[PDB]
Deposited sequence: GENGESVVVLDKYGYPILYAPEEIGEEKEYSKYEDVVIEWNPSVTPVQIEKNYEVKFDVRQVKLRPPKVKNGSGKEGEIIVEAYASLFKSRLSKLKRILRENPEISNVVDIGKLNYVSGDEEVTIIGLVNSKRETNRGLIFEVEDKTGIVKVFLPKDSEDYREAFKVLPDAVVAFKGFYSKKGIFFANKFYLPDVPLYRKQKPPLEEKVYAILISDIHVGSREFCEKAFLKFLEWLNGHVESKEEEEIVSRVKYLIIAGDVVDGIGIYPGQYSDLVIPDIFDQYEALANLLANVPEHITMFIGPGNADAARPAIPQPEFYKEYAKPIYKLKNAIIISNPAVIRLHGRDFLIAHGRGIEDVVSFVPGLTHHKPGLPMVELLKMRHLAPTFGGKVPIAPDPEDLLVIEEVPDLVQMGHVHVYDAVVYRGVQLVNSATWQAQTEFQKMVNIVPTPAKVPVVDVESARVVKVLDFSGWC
């Protein structure tokens, strides 16, 4: 039985009040100038979705036009004023996508019209066109039939540039720790493993290599599902140790209060959090999440957000789009969220698909478009660790602190709890993975 305060689910144990972890005096932190900036945050800004699709198409059409190979772009509404002898390019939204034994049939839409696009079974770009999600913005080079079909010979994605200038080296080596899906309130929350991680952060390490990493750790990024929430799925009460949303954030803040003062924490919301029930999520609902807002070394970031650390762009998103990729693309699955994350980077959109459990807000501007090329992309949500480099961009899933729940077992989700990516800010790369799973 769920309860509501002003409409929101609030309720249906210890809150780590006693938890006190002090810094190890034996370890001295390396004195580095903290160079950080929230480069992008959601808060820095008839048909309900008309303005959103206009914004999405306009933004991604700009990214496609930056490809030197994309030329002779013509409006879809002008396609039969074009003779069948002229090779043209069209840019538009993938409205529909259907496979025949003879190839792929797309319904592509721009600001001027809609057209049926055919791509033959084995056009060298087929593998990519077979993977593209609907409501993504793509380009097609080909000829118009005059029967109503665009016979494409080439398919293009917004993508990331193959060549980008290397960044100047930093004065000192600085590390960033990536975590997500803590799920405080769940019986499956790896409580001891997380306490051992807080000890590790406070210089309580047993090797010299770890000691030189801990001394240089200045940033901690939390990519959503910081609490387990209330009424997220039917039967969730059976798994909750803390069945109160206020007490979940209070328990979380009591743990996060034990994060060293020299570490700047960037905390973003997820789908389990007391935040907007659609994406993008500006922040957390301050009425429920107040205890984390009061942490001295914490900065509440939006979902999505872009954090510039020492000149390196870290794009932080919860990871709702990984689900869209695994459902729509056969062959791609969890156990490896790295490849689905590459597809979102290539589409330059975090969650293009409409209709899923993935609620996309009918906002005026599409803030889910990856407008600028990041150095690192951090996502959570799927509860499986992975890391892959695509064209100099590090794609990384920060896993979870939650062991396999009853519900996860049923929907065949196999998590990799307590696996912590260690990021070298200079190269914006995962250099080590801390494994605290022995405590699970």
Gaps in the model (deposited sequence, numbered from 1): 1-7, 20-29, 63-80
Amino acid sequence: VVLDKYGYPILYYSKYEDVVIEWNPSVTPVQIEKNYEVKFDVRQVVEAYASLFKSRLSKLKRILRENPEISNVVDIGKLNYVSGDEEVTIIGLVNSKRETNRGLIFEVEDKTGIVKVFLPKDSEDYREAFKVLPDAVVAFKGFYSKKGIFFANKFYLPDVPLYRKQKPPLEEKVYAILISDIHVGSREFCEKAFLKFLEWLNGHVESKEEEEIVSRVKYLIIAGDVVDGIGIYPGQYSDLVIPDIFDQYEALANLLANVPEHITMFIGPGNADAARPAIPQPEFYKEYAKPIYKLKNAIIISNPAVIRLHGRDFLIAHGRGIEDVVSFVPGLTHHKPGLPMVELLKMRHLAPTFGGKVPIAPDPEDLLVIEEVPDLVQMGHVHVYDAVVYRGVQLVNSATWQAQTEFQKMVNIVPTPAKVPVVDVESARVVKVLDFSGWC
From here on, numbers count along this sequence of modelled residues.
Comparing 363-371 with 122-130, the one whose average Cα B-factor in the PDB entry is higher: 122-130
Average Cα temperature factor in the PDB entry - higher stretch of 409-417, 27-35: 27-35
Residue, from 355, 338, 268, 319, that the PDB entry assigns the highest Cα B-factor: 355
Given 146, 192, 183, 349, the residue at which the Cα B factor reaches its maximum: 146
B-factor third for the C-alpha atom of residue 197 within its chain: lowest
Chain thirds of CA B-factor: placement of residue 47: highest
Third of the chain's Cα B-factor distribution that residue 10 belongs to, per the entry: highest
Residue 173, C-alpha B-factor rank within chain (lowest, middle or highest third): highest
Where the record places residue 243 (Cα B-factor, split into thirds across the chain): middle
